[PDB]
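Below is one structure; the comments refer to it alone.
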Amino acid sequence: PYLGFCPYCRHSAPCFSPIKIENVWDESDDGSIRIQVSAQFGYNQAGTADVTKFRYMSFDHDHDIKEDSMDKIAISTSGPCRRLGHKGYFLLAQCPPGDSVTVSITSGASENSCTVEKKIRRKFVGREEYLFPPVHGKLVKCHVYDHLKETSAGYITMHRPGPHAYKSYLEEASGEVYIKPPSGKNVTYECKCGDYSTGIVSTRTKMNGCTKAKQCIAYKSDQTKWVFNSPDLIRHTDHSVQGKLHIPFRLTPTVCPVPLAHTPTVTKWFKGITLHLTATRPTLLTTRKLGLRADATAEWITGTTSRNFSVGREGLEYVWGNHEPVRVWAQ
Amino acid sequence: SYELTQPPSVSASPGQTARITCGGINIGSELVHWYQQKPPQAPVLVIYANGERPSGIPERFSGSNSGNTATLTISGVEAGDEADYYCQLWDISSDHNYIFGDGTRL
Amino acid sequence: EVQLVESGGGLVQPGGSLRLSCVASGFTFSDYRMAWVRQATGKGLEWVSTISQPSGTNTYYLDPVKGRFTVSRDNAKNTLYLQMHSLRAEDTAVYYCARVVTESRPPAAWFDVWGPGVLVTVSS
């Protein structure tokens with residue numbers, strides 16, 4: 001539930017927000033995309049698993065963790081996306097094609113959105129372009145993200161949280177620097193006003209020899225969390241791998257339906273054929289001779305047309321879309 | 001004030017791995033440092049910052065720290081490892097005190 | 001070569017005073033915090049005092065040695081100093097003058113270079 005330096009905020013500019021996307025994945029054949037942010041989805045304050053609500057960073061000087069519900073999160077690239085699942089840092093969602101991806105949290109009028117560029121194109125499988133999986137068609141081998149949230153595409157490492165400096169912990173009065181920790185909290189302070197000097201103060205505390213607040217820093221001794229190795233956070237010195245969590249929504253194998261293009265009409269002339277073809281969408285026709293030279297040809301076709309293809313005594317083979325290979329032998 | 005406790009002794013024939021533990025309240029939240037001594041020669045730092053070492057320390061030495069326990073792990077013990085070992089930390093809330101452990105002999 | 005050499009120790013009566021000197025070489029004496037650390041015979045190492053850098057404005061001491069032992073430094077001759085007053089029997093020990101390497105965040109201090117040490121004995 002840390003904060004990342006999102007490049008594009010709600011308004012126009014970069015900010016530091018809980019909802020920074022720091023990586024995006026779209027290799028799934030069905031168009032589903034896996035997203036990675038700094039929030040913890042499906043978790044309450046203590047981290048207990050509960051789908052209905054999630055936890056995230058809080059815009060306050062104590063910077064505790066505060067929580068919200070599923071219904072107020074939205075995802076969109078060009079039009080609104082549909083959430084397919086969520087766990088911890090990661091989301092899975094189905095999105096319309098677009099050039100960027102945006103995640104927005106809507107706490108009433110507080111609509112905090114983070115946007116990151118990523119070209120997501122409508123992708124298909126098979127040898128025929130199609131908008132939608134056909135109701136009827138061949139069941140061909142495909143690979144798509146598994147909706148099971150307990151799966152694992154891998155593992156990501158996390159480390160002890162690094163520094164989190166503040167100047168609200170500091171205060172200037174009559175050209176003197178004081179540290180004001182939150183009530184009952186031991187806050188680690190360190191400063192250099194000439195000599196370098198460190199310490200921990202749990203209460204309103206003076207420091208001497210200091211006239212500028214820029215020379216001193218204070219921050220909580222917060223080891224009670226684990227943070228992803230993000231580039232947007234200055235790091236703890238002991239950056240050993242202190243935890244490995246799974247990468248849900250493994251890219252699993254399955255079968256997908258793909259369309260069946262028009263059955264060609266063969267029109268034959270001496271040592272050659274004339275295939276009359278219809279294909280509303282881009283369909284791949286490939287051919288190859290069966291002699292010493294394949295002379296293989298490939299072509300993506302739309303509309304209706306006709307192709308004259310010489311066939312020799314050795315023969316010819318062609319595949320029209322997802323149909324089976326067809327072989328011929330001339331005389 | 002933190003109190004650092006180590007076992008008074010650890011026995012290890014050569015060839016295996018030896019663990020020496022430093023015990024203290026909530027020492028996992030601080031950075032421990034392990035020093036090795038052959039009396040009367042001055043000790044030598046072998047671990048600092050819970051996971052990393054000065055130059056020249058062989059690859060067998062490693063350190064860890066978590067919760068209430070820090071651990072010095074010495075894989076493949078040899079006769080030369082027989083030494084005194086002291087865990088150290090810098091309790092800065094206690095007026096910049098440098099607290100050492102009681103010590104352990106190998 | 002980075003080397004720290006102690007001197008000045010010996011036998012002193014209880015209630016006496018002494019001045020331990022430590023000359024430094026091989027590094028910028030003004031750039032590093034320094035310390036005196038103690039080891040009694042058959043006991044563990046125990047920290048005595050630290051003097052900061054470059055001017056040593058802030059000096060930190062162990063609790064019983066406050067008000068009696070004082071650290072000082074001089075960057076011109078690269079020499080650390082510990083003056084002792086009202087010496088007592090348990091001060092009998094070997095003292096190492098130690099260079100201090102301090103890392104800002106998290107605040108952590110560990111000693112890198114030590115001198116061979118010098119003995120003081122406090123007995124009647």
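Here the Cβ is made from the backbone with ideal geometry for all residues, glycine too, and neighbour counts use every protein chain on show. Laboratory data are not the source of any read-out in this text; all were calculated from the coordinates shown.
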Handout entry: Tally of residues being of a type in the set (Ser, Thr, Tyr) and more than 17 Å from A:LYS149 (Cβ to Cβ) across the range A:41-70
Key = 3
Fill in the blank from the handout: Condition set in contact with a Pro (Cβ under 8 Å, 6 or more places away or on another chain) and among the hydroxyl-bearing types (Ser, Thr, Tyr), scope the range A:71-89, selection farthest from A:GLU150 (Cα to Cα): answer is A:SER78
Fill in the blank from the handout: Only unsatisfied item for A:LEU292, checking (1) away from chain B (no Cβ under 14 Å); (2) over 30 Å from A:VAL140 (Cα atoms); (3) under 34 Å from the mean Cα position of the chain (by Cα); (4) outside any strand (DSSP E or B), is (3)
Practice task
Would you mind listing the strands (runs of 3 or more DSSP E) fully within the range A:22-102 where at least 2 residues are in contact (Cβ under 8 Å) with a residue 24 or more places away in the chain and touching a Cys at 6+ places or on another chain (Cβ under 8 Å)?
Solution key: A:32-41, A:73-76, A:82-94
Practice task
From (1) within 14 Å of chain A (Cβ to nearest Cβ); (2) more than 20 Å from B:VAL44 (Cβ to Cβ), pick out the condition that doesn't hold for C:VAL100.
Solution key: (2)
Handout entry: Meets criteria (of a type in the set (A, V, I, L, M, F, W, C), within 14 Å of another protein chain (Cβ to nearest Cβ), touching a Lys or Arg at 6+ places or on another chain (Cβ under 8 Å) and under 19 Å from C:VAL113 (Cα atoms)) for B:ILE57
Key = no
Problem - Filter result (assigned to a loop (DSSP other than H, G, I, E, B) and either away from chain A (no Cβ under 14 Å) or hydroxyl-bearing (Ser, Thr, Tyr) (or both)) within the range C:103-124 - result: C:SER104, C:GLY115, C:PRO116, C:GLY117, C:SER123, C:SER124
Exercise for the section: Could you please let me know if A:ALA330 is outside any strand (DSSP E or B), in contact with a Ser or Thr (Cβ under 9 Å, 6 or more places away or on another chain) and closer than 22 Å to A:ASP29 by Cα? Expected result: no
Exercise for the section: Select, from A:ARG250, A:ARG235, A:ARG204, the only residue that is touching a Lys or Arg at 6+ places or on another chain (Cβ under 6 Å) and among the basic types (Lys, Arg). Expected result: A:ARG204
Handout entry: Filtered residues of the range B:92-103 (kept if more than 7 Å from chain C (Cβ to nearest Cβ), surrounded by fewer than 21 Cβ atoms within 10 Å (Cβ to Cβ), more than 18 Å from C:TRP36 (Cβ to Cβ) and touching a residue at least 24 places away in the same chain (Cβ under 8 Å))
Key = B:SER94
Completion exercise
Checked the range A:161-196 for anything assigned to a strand (DSSP E or B) and over 20 Å from C:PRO107 (Cβ atoms); matches are A:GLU171, A:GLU172
Handout entry: The lone exception for C:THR50 - which of (1) facing chain B (nearest Cβ under 10 Å); (2) assigned to a strand (DSSP E or B); (3) surrounded by fewer than 20 Cβ atoms within 10 Å (Cβ to Cβ) it fails
Key = (3)
Completion exercise
Restricted to the range B:71-85 and to residues being within 14 Å of chain C (Cβ to nearest Cβ) and either crowded, with 22+ Cβ neighbours inside 10 Å or among the charged types (D, E, K, R) (or both), the residue nearest to B:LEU4 (Cα to Cα) is B:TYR85
